[PDB]
Every structure is written in structure tokens, then in C-alpha cells.
Amino acid sequence: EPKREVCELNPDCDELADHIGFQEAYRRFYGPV
């Protein structure tokens, strides 16, 4: 699953996903622009 693949690498994205899940963490880190 590509979102988890990208986010789980990045320590800050993965840490956020620990709290709010990969969909929300990915949207926060890689959504804008």
C-alpha cells in the first residue's frame, strides 16, 4: 500500500501515524500543494 510505504519510512510521518493512522498522517505530510 503506497501511502503506508512512503509514510512508514519517514520517522515523523510514521510517528504521527502511530497516533492517527496512515491515511491521516499521509494527508498531513504529503497532501499539500
Side-chain angles (χ1 to χ4, degrees):
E1 198 280 303
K3 295 181 184 308
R4 183 176 66 247
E5 295 266 31
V6 176
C7 183
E8 80 187 350
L9 291 174
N10 183 297
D12 296 318
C13 192
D14 188 51
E15 177 176 6
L16 183 57
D18 286 345
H19 300 294
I20 65 177
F22 283 108
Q23 292 93 329
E24 288 284 353
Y26 184 99
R27 177 179 160 79
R28 180 84 53 82
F29 270 77
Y30 310 111
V33 222

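Numbers for residues simply follow the sequence, beginning at 1. No hydrogens, no waters, no symmetry mates; every other heavy atom, side chains included, goes into these values.
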According to the ring pair (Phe, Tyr, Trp, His ring centres under 6.0 Å) rule, which pairs have a member within residues 2-29, sequence neighbours left out? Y26-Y30

Quick one: list whatever passes side chain to side chain contact (heavy atoms under 4.5 Å, CB included) with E1, sequence neighbours left out. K3, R4

Mind checking the CG-CG spacing from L16 to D12? Nearest 0.5 Å is all I need. 9.0 Å

Could you grab the distance from atom CD of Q23 to atom SG of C7, nearest 0.5 Å is fine? 10.0 Å

